[PDB]
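Chemist: Here it is, the structure, as structure tokens.
So basically every Cβ, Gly included, is an ideal-geometry build from the backbone, and we count neighbours across all protein chains shown. Numbers and lists here come from the model and the stated rules, or from a named source; no laboratory instrument gave them.
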Amino acid sequence: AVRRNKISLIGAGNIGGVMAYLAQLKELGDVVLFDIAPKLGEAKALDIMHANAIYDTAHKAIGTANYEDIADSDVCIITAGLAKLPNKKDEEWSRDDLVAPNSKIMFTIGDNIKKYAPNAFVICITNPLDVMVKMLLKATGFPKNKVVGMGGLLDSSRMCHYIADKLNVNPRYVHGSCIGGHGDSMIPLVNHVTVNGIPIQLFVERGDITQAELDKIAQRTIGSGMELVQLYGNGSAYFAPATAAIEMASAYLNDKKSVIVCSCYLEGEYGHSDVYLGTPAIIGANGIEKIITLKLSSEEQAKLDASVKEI
Amino acid sequence: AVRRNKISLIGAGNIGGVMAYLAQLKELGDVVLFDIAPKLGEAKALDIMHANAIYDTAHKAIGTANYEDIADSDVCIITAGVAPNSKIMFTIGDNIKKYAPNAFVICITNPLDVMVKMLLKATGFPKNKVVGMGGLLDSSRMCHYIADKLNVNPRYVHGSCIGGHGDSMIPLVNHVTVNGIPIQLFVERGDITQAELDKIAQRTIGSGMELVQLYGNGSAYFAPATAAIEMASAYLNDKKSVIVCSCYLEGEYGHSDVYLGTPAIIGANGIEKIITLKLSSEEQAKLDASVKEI
Amino acid sequence: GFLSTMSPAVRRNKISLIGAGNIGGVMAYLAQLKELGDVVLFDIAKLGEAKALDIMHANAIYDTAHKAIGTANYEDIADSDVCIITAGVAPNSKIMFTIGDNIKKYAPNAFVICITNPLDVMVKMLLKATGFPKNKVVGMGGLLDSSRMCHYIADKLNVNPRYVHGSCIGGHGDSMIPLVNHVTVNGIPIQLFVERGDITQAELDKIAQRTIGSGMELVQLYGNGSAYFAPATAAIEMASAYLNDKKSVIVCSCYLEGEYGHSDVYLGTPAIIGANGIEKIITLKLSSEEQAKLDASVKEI
Amino acid sequence: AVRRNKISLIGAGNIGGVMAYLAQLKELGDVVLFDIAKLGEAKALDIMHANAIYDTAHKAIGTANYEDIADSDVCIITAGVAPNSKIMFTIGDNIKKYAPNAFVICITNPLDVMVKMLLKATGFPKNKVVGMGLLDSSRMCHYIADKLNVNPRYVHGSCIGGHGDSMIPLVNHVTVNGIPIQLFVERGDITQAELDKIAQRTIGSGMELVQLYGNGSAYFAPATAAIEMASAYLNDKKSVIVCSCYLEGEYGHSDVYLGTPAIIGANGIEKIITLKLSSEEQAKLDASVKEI
């Protein structure tokens, strides 16, 4: 009759571990930590299982390197793929050199999902998001609504945090949308932010924040990734990306119909088609139940056309 | 050097019972179910205490009719209950003045914007420590009706219903937002009509009376109790939540010496700030007409 | 293309509440705030709509996403994963059939949790009316009775009740057997605390006697009506164990077919609740003096 | 009048990272990530982004200056024998100076030895210096719960003694919602020969994950444990937790930390619960105290 939700984390790196950790303490469902190094997933799995006993939670975490174990998964969250190039210096390679290898990686994962988890809600994190997700949509052959990219929730939440940290208010009430591509071409709609429905321009007229501080926030939102790549020294952000993915996986598993900015396959929205792109959407039991097409200005539309053409 | 949060509920009625229940399962702190009918508070305490053992929660709730038991309370929510009710507020606030001289006083009794003023004068506390519960109930009601129509998680539907907690409230429907997106966009896409948005404004005004006639006896209590606990949590935990509630004004909106529902930041200092919304002449007249009713 | 239909692969859990009384209202409240699933408040009377609309207002306050409705029509129970029943011996028994006949028609795959008293008698009337397997028709009582026993101990020991575990078995009534001498505190037998001086055997014996009359103790305290906050928490705690397949160890009224020497009678006993409802019945090793109190409980049932 | 809790973590490593994450998402209080290195600011900022997603209110900051520990309600230690013993004193001397009312929760290994160094450095009372017990005991209950296939929420157990190979997994005293584990042995769900091995696996669990991880050791469960302990102190839960406590006569020993059940509340160690042991179990405890 009923059964536990099954989430497969294709990639048990830094992001994968925190994702399993959160989902288990929230009892969102059983977790499969799939990694090409199986003991890495088995280590976090067993470790998180010891945490469940500490936290009195009932669900199970598994580690594996075999695609048979992600079978019947309701959600597949993908972080696998190349992130670094050890045998070359920082000067001999750019990010464009990993796109093609990662593209083939996205296919192998897609075929196995199509094989073992034909009904899975595929959330992708591997970057470049807007391109990598499109590789999964082809490989999985799933409908438009069951293949989503994670971003915009991370990008918008970062924008809303910087706003909240300045106003000294609970970020629960700072809403905002950062759209476009999940990269340096994103569009932080910082002047459309709202504080519990209150337009941000009000707080400008009050002196709580300044137009200059907003423009600088939009710029720090664009480089938040690299900012943390330089703070960590070795690696990138993972705590917040993990929380974003699990928040999207819960909106699906629980049919919350939450409004999240996600990378979505377009077929006419904003004047584009056949491309993934960050945009607010309604995530529910059918995945992307609805795309909210924002009313952009000519300047904001130009910025959107620019990131689409670099995707 | 650490201590449990203490929440006194002056009034163990239907609202009081749900408040103690939510606070005990959330482990928000100890609860004192104060009521002139001492047994009623004792019943729900022992019943909620049975819930704690089921739900594996550690805090304790008690029932009493002695103000000596609300001593050192961090929060005092009042549901006990115009002229005679006003007098009841002075007796409560005068005891809070003595036993709970540091409590964040939240008022539920109606008329809200008047009773809370009688608690402010009796307790002698500064204005930033005596707040009233309205607007958070009134705004969430509005946000629901819009979420239900849009079929969206109300988590992302924000809105402000200002004014007095009565028929003169001002549901700012046309300023509602969905994940920051203006509500007008959803009108321009067919998801909802301005006519339906105007209908939600009136339903919000009359939501209180709608449930009175649905219940047949009594009124709402699940949502009021839930809002009072959220306000009490933003204080105890210093969350600094933007919550619309009845605040004492000394100039804001052009009014003084009157309690009025406006968005504000609730933190460790109770009301740390008041957010004076930028109102149109259409909204000011509605506000000025609500102050006159108060 | 047929693997790419606009058909949802997941659903919200659906919990129907037959009886929107004081317990029904708290059950809908707790379930909604925990985002456990949609709730259907069913009652013969507006009473279910009032609590639903008021609890939906609470959802907007608490940023919770699930839905609650009121109704007086079994049609809104269809496809419910869980049916919890509080409406309500002879007249109650007949009421339990009508409910059971509709739960069979509309919610043929529901996990039926009974609360109406006499628990052990009403839940059996349900089992016969729905015709479901015995493992999907359970009665709530031992989790309430046991937790009450554990609170009285935790209250005297000044310990978190999260670590106080104990079993109260038998029938949901004066015949219940609260095994106070077997209570454990984070695995530690309570006898140790007796040796430490934190509690006396006399107090333990008296806690057993207070657990039995806890129902009436709150009736006199309430003056009008019985307890409801805890019976609601217990019920939702069990529905959550089913909807989430927690394999939770819960004392509850189960249909026995050999255990404890009895058969064809509902009797409270520790069990394991999961996606199959009652997945295992744990039979406790009873003493001679305890098997006697158990045999008396079945006689009264 | 009131105030956020101040939970400072001396050590922004893997364990320290999961701590801030769990504390922030649970809104248990403000978090401070201290470390010799940027390591704290990275996780503080990364976790601050997570707050905005999870709609949580509290704040986290990284730092490398003990001045940011001032007035900390809790100080959880993971930085790091003789060398790491000097660090405990350096750490303790700062907790003494900036957070003199802090509830100290040590994790650095050897637990029972490193925590005493903190006790003598901070100079705090007996009850305000604990050592994270809850990990070892919970590991035992997981393996039993995994075999029995029951919610570990209802499996209680106590793994007493030192936090090393000399620990005592009391696998035979385990209870399932108060039901003795022997009933499940007579039930067919498990065998005594399997419980004896669960004790061994519990002893070597810390080393099992070091080999699985390959690089470094466990951190998810160790982090969850100390946050539970810190939550039992800040919320005055008076919860029963197995943890390292400074003894003064208990079990026939004194002037030594040792893993034992205890009550944790607003006063830290509210009470030590001395378990009723046998001759075989006391000899193991005596063999552990000597190794500490």
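Chemist: Within the range C:209-249, which residues are over 30 Å from A:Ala58 (Cα atoms), of a type outside the set (D, E, K, R) and part of a helix (DSSP H, G or I)? Outline the logic, then answer.
Modeler: Initial filter on the range C:209-249 (over 30 Å from A:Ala58 (Cα atoms)): C:209-210, C:212-226.
If we keep only those that are of a type outside the set (D, E, K, R) too, we end up with C:209, C:212-216, C:218-226.
Answer for the range C:209-249, where residues must be over 30 Å from A:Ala58 (Cα atoms), of a type outside the set (D, E, K, R) and part of a helix (DSSP H, G or I): C:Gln209, C:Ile212, C:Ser214, C:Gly215, C:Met216, C:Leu218, C:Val219, C:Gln220, C:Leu221, C:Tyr222.
Chemist: A follow-up question, please. Among the numbered criteria (1) surrounded by 20 or more Cβ atoms within 10 Å (Cβ to Cβ); (2) not in a strand (DSSP E or B), which single criterion is violated by D:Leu277?
Modeler: (1)
Chemist: Further question on the same structure: When you check D:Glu194 against the structure, is it farther than 25 Å from D:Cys75 by Cβ and more than 10 Å from every other protein chain (Cβ to nearest Cβ), yes or no? Steps first, answer last, please.
Modeler: Values: farther than 25 Å from D:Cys75 by Cβ: yes; more than 10 Å from every other protein chain (Cβ to nearest Cβ): yes.
Judged against the criteria, D:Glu194 is a match.
Chemist: So, one more: Within the group C:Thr269, C:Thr200, which residue is closer than 30 Å to D:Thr260 by Cβ and among the polar types (S, T, N, Q)? Show your work before the answer.
Modeler: Values: C:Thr269 fails: closer than 30 Å to D:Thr260 by Cβ.
Within the list C:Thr269, C:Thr200, the selection yields C:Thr200.
Chemist: Moving on to the next point. Looking only at residues that are outside any helix (DSSP H, G or I) and hydrophobic (A, V, I, L, M, F, W, C) in the range B:167-206, which one is nearest to the chain's Cα centre (by Cα)?
Modeler: Going through the range B:167-206, the residues outside any helix (DSSP H, G or I) turn out to be B:167-172, B:176-182, B:189-193.
Now drop any that are not hydrophobic (A, V, I, L, M, F, W, C), which leaves B:169-170, B:172, B:176, B:178, B:181, B:192.
Values: B:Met169: 14, B:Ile170: 16, B:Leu172: 18, B:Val176: 20, B:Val178: 23, B:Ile181: 26, B:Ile192: 29 Å.
Taking the candidates together, the pick is B:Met169.
Chemist: Can you name the condition, by its number, that B:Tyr259 falls short on among (1) part of a helix (DSSP H, G or I); (2) touching a strand residue (DSSP E or B) at 6+ places or on another chain (Cβ under 8 Å)?
Modeler: (1)
Chemist: Residues being aliphatic (A, V, I, L, M) and touching a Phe, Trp or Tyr at 6+ places or on another chain (Cβ under 6 Å): count how many of those fall in the range A:196-242. Quick ask: steps written out before the conclusion?
Modeler: So the first thing to find is which residues in the range A:196-242 are aliphatic (A, V, I, L, M), and the list is A:198, A:200, A:202, A:204, A:209, A:212, A:214, A:217-218, A:222, A:226, A:228-229, A:231, A:237, A:240, A:242.
Still in the list and also touching a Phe, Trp or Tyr at 6+ places or on another chain (Cβ under 6 Å): A:209, A:217.
So the answer is 2.
Chemist: Of (1) closer than 30 Å to B:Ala227 by Cα; (2) away from chain B (no Cβ under 14 Å); (3) charged (D, E, K, R), C:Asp101 satisfies all except one. Which?
Modeler: Unmet for C:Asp101, out of (1) closer than 30 Å to B:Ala227 by Cα; (2) away from chain B (no Cβ under 14 Å); (3) charged (D, E, K, R): (1).
Chemist: Right, another one. Determine, yes or no, whether B:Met49 is over 19 Å from the mean Cα position of the chain (by Cα), within 13 Å of chain C (Cβ to nearest Cβ) and outside any strand (DSSP E or B). Give the derivation first.
Modeler: Details: over 19 Å from the mean Cα position of the chain (by Cα): yes; within 13 Å of chain C (Cβ to nearest Cβ): yes; outside any strand (DSSP E or B): yes.
For B:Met49, the condition - over 19 Å from the mean Cα position of the chain (by Cα), within 13 Å of chain C (Cβ to nearest Cβ) and outside any strand (DSSP E or B) - is met.
Chemist: Hey, another quick one. Can you pull out the residues in the range A:128-159 that are over 16 Å from the mean Cα position of the chain (by Cα) and not basic (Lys, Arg)?
Modeler: Here is the first cut: in the range A:128-159, the residues over 16 Å from the mean Cα position of the chain (by Cα) are A:138-144.
Listed by number, the residues that qualify are A:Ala139, A:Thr140, A:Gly141, A:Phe142, A:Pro143.
Chemist: In addition: Kindly establish whether B:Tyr235 is within 30 Å of B:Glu27 (Cβ to Cβ) and either of a type outside the set (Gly, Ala, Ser) or assigned by CATH to the domain that holds B:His158 (or both). Can you show your working first?
Modeler: Details: within 30 Å of B:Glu27 (Cβ to Cβ): yes; either of a type outside the set (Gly, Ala, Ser) or assigned by CATH to the domain that holds B:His158 (or both): yes.
Judged against the criteria, B:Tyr235 is a match.
Chemist: Filter the range A:118-149 down to residues that are touching a strand residue (DSSP E or B) at 6+ places or on another chain (Cβ under 8 Å) and either of a type in the set (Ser, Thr, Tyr) or over 16 Å from C:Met6 (Cα atoms) (or both), then give me how many there are.
Modeler: So the count comes out to 13.
Chemist: Also, I was wondering about something else. Out of the residues in the range B:133-161 that are in a strand (DSSP E or B) and out of contact with any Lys or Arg (no Cβ under 9 Å at 6 or more places or on another chain), state the one that is farthest from the other protein chains (Cβ to nearest Cβ). Give the steps one after another, and end with the answer.
Modeler: If we filter the range B:133-161 for residues that are in a strand (DSSP E or B), which is where we start, we get B:157-158, B:161.
Narrowing further to those that are out of contact with any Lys or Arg (no Cβ under 9 Å at 6 or more places or on another chain): B:157-158.
Values: B:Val157: 7, B:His158: 4 Å.
Restricting to residues being in a strand (DSSP E or B) and out of contact with any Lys or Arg (no Cβ under 9 Å at 6 or more places or on another chain), the top hit is B:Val157.
Chemist: Scan the range C:241-250 and tell me whether some residue there is away from chain D (no Cβ under 11 Å) and out of contact with any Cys (no Cβ under 6 Å at 6 or more places or on another chain). I'd like the intermediate steps shown before the answer.
Modeler: First pass over the range C:241-250, keeping only residues away from chain D (no Cβ under 11 Å): C:242-243.
Now restrict to residues that are out of contact with any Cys (no Cβ under 6 Å at 6 or more places or on another chain): C:242-243.
For the range C:241-250, residues away from chain D (no Cβ under 11 Å) and out of contact with any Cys (no Cβ under 6 Å at 6 or more places or on another chain): present.
Chemist: Continuing with the same structure: Whether any residue in the range D:141-154 is over 30 Å from C:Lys280 (Cα atoms) and of a type outside the set (S, T, N, Q) is what I want to check. I'd like the intermediate steps shown before the answer.
Modeler: Applying the first criterion (over 30 Å from C:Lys280 (Cα atoms)) to the range D:141-154 yields none.
No, every residue in the range D:141-154 fails to be over 30 Å from C:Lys280 (Cα atoms) and of a type outside the set (S, T, N, Q).
Chemist: In addition: So, in the range B:37-63, how many residues would count as being acidic (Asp, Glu) and in contact with a strand residue (DSSP E or B) (Cβ under 7 Å, 6 or more places away or on another chain)?
Modeler: 1
Chemist: Can I ask one more? Using beta carbons and a limit of 6 Å, which pairs, at least six apart or on different chains, have the first residue in the range B:115-131 and surrounded by fewer than 21 Cβ atoms within 10 Å (Cβ to Cβ) and the second one in a loop (DSSP other than H, G, I, E, B)?
Modeler: Filtered contacts from the range B:115-131: B:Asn128/B:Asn269.
Chemist: Name every residue in the range C:87-99 that is in contact with a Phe, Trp or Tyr (Cβ under 9 Å, 6 or more places away or on another chain) and surrounded by 23 or more Cβ atoms within 10 Å (Cβ to Cβ), in order of residue number.
Modeler: C:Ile99
Chemist: Checking D:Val31 against (1) more than 11 Å from chain A (Cβ to nearest Cβ); (2) under 18 Å from the mean Cα position of the chain (by Cα); (3) in a helix (DSSP H, G or I); (4) of a type in the set (A, V, I, L, M, F, W, C), which single condition isn't satisfied?
Modeler: Tallying (1) more than 11 Å from chain A (Cβ to nearest Cβ); (2) under 18 Å from the mean Cα position of the chain (by Cα); (3) in a helix (DSSP H, G or I); (4) of a type in the set (A, V, I, L, M, F, W, C), D:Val31 fails exactly one: (3).
Chemist: Let me ask something else. Any residue that is of a type in the set (D, E, K, R) and within 14 Å of the chain's Cα centre (by Cα) - is there at least one of those in the range C:234-251? Lay out the reasoning, then the answer.
Modeler: Of the range C:234-251, the ones of a type in the set (D, E, K, R) are C:237, C:245-247.
Adding the requirement that they be within 14 Å of the chain's Cα centre (by Cα) leaves C:237.
Yes: the range C:234-251 contains one or more residues that are of a type in the set (D, E, K, R) and within 14 Å of the chain's Cα centre (by Cα).
Okay, residues lined up against (1) of a type in the set (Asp, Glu); (2) within 11 Å of chain B (Cβ to nearest Cβ):
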| position | (1), (2) |
| --- | --- |
| C:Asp205 | yes, no |
| C:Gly213 | no, no |
| C:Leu218 | no, yes |
| C:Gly223 | no, yes |
| C:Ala230 | no, yes |
| C:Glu237 | yes, yes |
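Chemist: Now for a different question. Every residue in the range D:52-77 that is in a loop (DSSP other than H, G, I, E, B), more than 8 Å from chain A (Cβ to nearest Cβ) and in contact with a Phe, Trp or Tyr (Cβ under 9 Å, 6 or more places away or on another chain), please.
Modeler: Listed by number, the residues that qualify are D:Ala64, D:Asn65, D:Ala70, D:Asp71, D:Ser72, D:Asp73.
Chemist: Report, ordered by the first and then the second residue, all pairs with beta carbons closer than 8 Å, sequence separation of six or more or different chains, a first member in the range D:208-222 that is among the acidic types (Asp, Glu), and a second member that is in a helix (DSSP H, G or I).
Modeler: Pairs found: D:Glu208/A:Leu46; D:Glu208/D:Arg201.
Chemist: Hey, among A:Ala80, A:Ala120, which residue is in contact with a helix residue (DSSP H, G or I) (Cβ under 6 Å, 6 or more places away or on another chain) and hydrophobic (A, V, I, L, M, F, W, C)? Steps first, please.
Modeler: Values: A:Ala80 fails: in contact with a helix residue (DSSP H, G or I) (Cβ under 6 Å, 6 or more places away or on another chain).
Criteria check complete, one pass: A:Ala120.
Chemist: Which members of the range D:78-117 meet the condition of being hydrophobic (A, V, I, L, M, F, W, C), outside any helix (DSSP H, G or I) and out of contact with any strand residue (DSSP E or B) (no Cβ under 7 Å at 6 or more places or on another chain)?
Modeler: D:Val81
Chemist: Can you tell me which residue is surrounded by the fewest Cβ atoms within 10 Å (Cβ to Cβ) among those in the range C:66-77 that are of a type in the set (D, E, K, R) and touching a strand residue (DSSP E or B) at 6+ places or on another chain (Cβ under 6 Å)?
Modeler: Applying the first criterion (of a type in the set (D, E, K, R)) to the range C:66-77 yields C:67, C:75-76.
Next, only the ones that are touching a strand residue (DSSP E or B) at 6+ places or on another chain (Cβ under 6 Å) stay: C:67, C:76.
Numbers: C:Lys67: 20, C:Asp76: 17.
Among those that are of a type in the set (D, E, K, R) and touching a strand residue (DSSP E or B) at 6+ places or on another chain (Cβ under 6 Å), it is C:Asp76.
Chemist: In this structure, is C:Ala110 among the hydrophobic types (A, V, I, L, M, F, W, C), surrounded by 20 or more Cβ atoms within 10 Å (Cβ to Cβ), under 16 Å from the mean Cα position of the chain (by Cα) and not assigned by CATH to the domain that holds C:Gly274? So that I can check it myself, show each step before the final result.
Modeler: Working: among the hydrophobic types (A, V, I, L, M, F, W, C): yes; surrounded by 20 or more Cβ atoms within 10 Å (Cβ to Cβ): yes; under 16 Å from the mean Cα position of the chain (by Cα): yes; not assigned by CATH to the domain that holds C:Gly274: yes.
Yes; evaluated as a whole, the condition is true for this residue.
Chemist: Tell me, which residue of the range C:252-268 that is surrounded by 22 or more Cβ atoms within 10 Å (Cβ to Cβ) and not aromatic (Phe, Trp, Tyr) is nearest to the chain's Cα centre (by Cα)?
Modeler: Of the residues in the range C:252-268, the ones surrounded by 22 or more Cβ atoms within 10 Å (Cβ to Cβ) are C:252-255, C:266-268.
Going one step further and asking which of them are not aromatic (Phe, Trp, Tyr), we end up with C:252-254, C:267-268.
Working: C:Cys252: 7, C:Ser253: 8, C:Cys254: 11, C:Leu267: 13, C:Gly268: 11 Å.
By that ranking, first place goes to C:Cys252.
Chemist: Can you confirm whether the range D:181-198 contains a residue that is in the same structural domain as D:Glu250 (by CATH), β-branched (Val, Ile, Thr), crowded, with 16+ Cβ neighbours inside 10 Å and within 27 Å of D:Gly17 (Cα to Cα)? Even if it seems obvious, please write down each step before you answer.
Modeler: Initial filter on the range D:181-198 (in the same structural domain as D:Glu250 (by CATH)): D:181-198.
Those left that are additionally β-branched (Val, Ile, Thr): D:181, D:185, D:190-191, D:198.
Remaining after also requiring crowded, with 16+ Cβ neighbours inside 10 Å: D:181, D:185, D:190, D:198.
With the extra rule that they be within 27 Å of D:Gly17 (Cα to Cα), the set shrinks to none.
No, every residue in the range D:181-198 fails to be in the same structural domain as D:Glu250 (by CATH), β-branched (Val, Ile, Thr), crowded, with 16+ Cβ neighbours inside 10 Å and within 27 Å of D:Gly17 (Cα to Cα).
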